[PDB]
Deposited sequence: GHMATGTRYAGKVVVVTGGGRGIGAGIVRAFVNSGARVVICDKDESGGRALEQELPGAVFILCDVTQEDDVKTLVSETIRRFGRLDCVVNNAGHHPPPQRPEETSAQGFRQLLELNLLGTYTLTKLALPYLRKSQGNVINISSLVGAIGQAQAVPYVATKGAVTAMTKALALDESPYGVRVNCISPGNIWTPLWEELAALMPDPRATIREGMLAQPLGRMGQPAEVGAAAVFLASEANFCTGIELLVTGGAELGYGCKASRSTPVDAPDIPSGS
């Protein structure tokens, strides 16, 4: 309840899923949290539920929404210590020939450029507080995924960008790290599974993709984020895997040497 007391945190896409788990973790650590989301329903309810959290409607693809998010955070709370760039989307499975350049651009706008824009606008305040940036990337940026060429590309970009910004901001004492989750049970995971021919089979396969034999929880990503913000003072430019071991060992990757 005190490991991040007195600090101010902005969490994008904080209204549900991983984002909401991160919001809860920071509130439980003693921080004041600004919940940003493009949808009102979940975030407004979270503000009512959590003392110390407030909701600001903000679409991270709209530069002027983000400018207002930062200026309102400063106006209302007087400082900014941590930005968690969690807002993002995973399209339904798409074969490469079914993707389009314009859809790829749209996904870059959310998953990459929204993170870039908030980080840019926040950095002057993070420099004053020697604060930090946490980007939510994905394991599939590192190892790939089938039927997700645009999505994978956007998360490879986020992870690499994290390292570049870590280098640039290190002289100011501002750390920049990312978390790469694997399969986390969220409303988006459930929505994507519902599109599949056999949603139950898709969910079971998702559980068995981890040696631990289950998917992860938003609270587990949130704990990793609170660690990076509050106790990882010699960590910058790292990719913290929260994946249950999915990247480890041999598995079933195809549907003796010729």
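Peer 1: List the gaps, meaning deposited-sequence segments with no CA coordinates, ordered along the sequence.
Peer 2: No coordinates exist for the deposited residues in 1-5, 261-267, 271-274, so these stretches are absent from the model.
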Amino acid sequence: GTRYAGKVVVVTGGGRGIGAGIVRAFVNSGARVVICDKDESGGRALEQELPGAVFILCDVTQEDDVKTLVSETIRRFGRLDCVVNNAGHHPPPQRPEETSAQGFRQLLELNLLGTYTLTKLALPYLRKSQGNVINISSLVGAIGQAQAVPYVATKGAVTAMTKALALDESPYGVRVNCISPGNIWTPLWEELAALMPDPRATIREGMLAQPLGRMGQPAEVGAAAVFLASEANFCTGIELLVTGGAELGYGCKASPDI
From here on, numbers count along this sequence of modelled residues.
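Peer 1: Please compare 209-217 with 195-203 and say which has the higher mean C-alpha temperature factor in the record.
Peer 2: According to the entry, 195-203 carries the higher average C-alpha B-factor.
Peer 1: Highest CA temperature factor in the entry: which of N132, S138, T162, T99?
Peer 2: Most elevated C-alpha B-factor of the set, per the entry: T99.
Peer 1: Taking the Cα B-factors listed in the entry, which of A146, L108, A157, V84 comes out highest?
Peer 2: Comparing C-alpha B-factors across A146, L108, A157, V84, the maximum falls on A146.
Peer 1: Against its chain's modelled residues, does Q62's Cα B factor rank lowest, middle or highest third?
Peer 2: Within its chain, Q62 is a highest-third residue by C-alpha B-factor, going by the deposited values.
Peer 1: For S230, does the deposited CA B-factor place it in the lowest, middle or highest third of the chain?
Peer 2: For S230, whose C-alpha B-factor we compare with every modelled residue in the chain, the answer is the lowest third.
Peer 1: Looking at the temperature factor on the CA atom of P181, which third of the chain's modelled residues does it land in?
Peer 2: According to the entry, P181 has a C-alpha B-factor in the chain's lowest third.
Peer 1: According to the PDB entry, is the CA B factor of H90 in the bottom, middle or top third of its chain, that is, lowest, middle or highest?
Peer 2: Ranked within chain, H90 CA B lands in the middle tercile.
Peer 1: By its CA B factor, does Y116 count among the lowest, middle or highest third of the modelled residues in the chain?
Peer 2: Its C-alpha B-factor belongs to the lowest third of this chain's values.
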